[PDB]
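final34.pdb follows (PDB, N, CA and C atoms):
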ATOM      1  N   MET A   1       0.827  -1.201   0.000  1.00  0.00           N
ATOM      2  CA  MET A   1       0.000   0.000   0.000  1.00  0.00           C
ATOM      3  C   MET A   1       0.865   1.256   0.000  1.00  0.00           C
ATOM      4  N   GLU A   2       2.056   1.150  -0.581  1.00  0.00           N
ATOM      5  CA  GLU A   2       2.978   2.278  -0.646  1.00  0.00           C
ATOM      6  C   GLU A   2       3.337   2.767   0.754  1.00  0.00           C
ATOM      7  N   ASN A   3       3.431   1.833   1.695  1.00  0.00           N
ATOM      8  CA  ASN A   3       3.767   2.169   3.074  1.00  0.00           C
ATOM      9  C   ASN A   3       4.860   1.247   3.607  1.00  0.00           C
ATOM     10  N   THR A   4       5.201   1.417   4.880  1.00  0.00           N
ATOM     11  CA  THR A   4       6.232   0.603   5.511  1.00  0.00           C
ATOM     12  C   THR A   4       5.787   0.123   6.889  1.00  0.00           C
ATOM     13  N   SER A   5       4.549  -0.353   6.973  1.00  0.00           N
ATOM     14  CA  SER A   5       4.002  -0.840   8.234  1.00  0.00           C
ATOM     15  C   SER A   5       3.119  -2.063   8.007  1.00  0.00           C
ATOM     16  N   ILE A   6       2.138  -1.920   7.124  1.00  0.00           N
ATOM     17  CA  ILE A   6       1.223  -3.013   6.814  1.00  0.00           C
ATOM     18  C   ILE A   6       1.826  -3.958   5.781  1.00  0.00           C
ATOM     19  N   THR A   7       2.362  -3.387   4.706  1.00  0.00           N
ATOM     20  CA  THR A   7       2.971  -4.178   3.645  1.00  0.00           C
ATOM     21  C   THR A   7       4.187  -4.940   4.156  1.00  0.00           C
ATOM     22  N   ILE A   8       4.838  -4.392   5.176  1.00  0.00           N
ATOM     23  CA  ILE A   8       6.016  -5.023   5.759  1.00  0.00           C
ATOM     24  C   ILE A   8       5.625  -6.018   6.847  1.00  0.00           C
ATOM     25  N   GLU A   9       4.540  -5.717   7.554  1.00  0.00           N
ATOM     26  CA  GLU A   9       4.060  -6.586   8.622  1.00  0.00           C
ATOM     27  C   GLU A   9       3.641  -7.945   8.071  1.00  0.00           C
ATOM     28  N   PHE A  10       3.107  -7.944   6.853  1.00  0.00           N
ATOM     29  CA  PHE A  10       2.662  -9.176   6.211  1.00  0.00           C
ATOM     30  C   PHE A  10       3.803  -9.825   5.433  1.00  0.00           C
ATOM     31  N   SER A  11       4.504  -9.020   4.642  1.00  0.00           N
ATOM     32  CA  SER A  11       5.617  -9.515   3.840  1.00  0.00           C
ATOM     33  C   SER A  11       6.690 -10.141   4.726  1.00  0.00           C
ATOM     34  N   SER A  12       6.757  -9.684   5.973  1.00  0.00           N
ATOM     35  CA  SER A  12       7.740 -10.195   6.921  1.00  0.00           C
ATOM     36  C   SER A  12       7.177 -11.375   7.706  1.00  0.00           C
ATOM     37  N   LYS A  13       6.010 -11.173   8.309  1.00  0.00           N
ATOM     38  CA  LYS A  13       5.361 -12.219   9.090  1.00  0.00           C
ATOM     39  C   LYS A  13       5.183 -13.486   8.260  1.00  0.00           C
ATOM     40  N   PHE A  14       4.759 -13.317   7.013  1.00  0.00           N
ATOM     41  CA  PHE A  14       4.549 -14.448   6.116  1.00  0.00           C
ATOM     42  C   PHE A  14       5.419 -14.322   4.869  1.00  0.00           C
TER
END
Please rewrite the model in this file as structure tokens.
Amino acid sequence: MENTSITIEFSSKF
């Protein structure tokens, strides 16, 4: 979503 919190929270967690 052009951010560094949600897109990273998922891309990292999973």
All alpha helix (DSSP H) residues (DSSP, backbone) inside chain A, as number ranges by chain: A: 6-13
Take every atom of segment 1-6 of chain A listed in the file, fit an axis-aligned box around them, add 5 Å per side, and give the centre and edge lengths in Å to one decimal as JSON.
{"center_x": 3.1, "center_y": -0.6, "center_z": 3.8, "size_x": 16.2, "size_y": 16.7, "size_z": 18.9}
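Distance-wise, atom C of residue 13 of chain A and atom N of residue 1 of chain A end up 15.4 Å apart.
In this model, the gap between atom C of residue 14 of chain A and atom CA of residue 2 of chain A comes to 17.7 Å.
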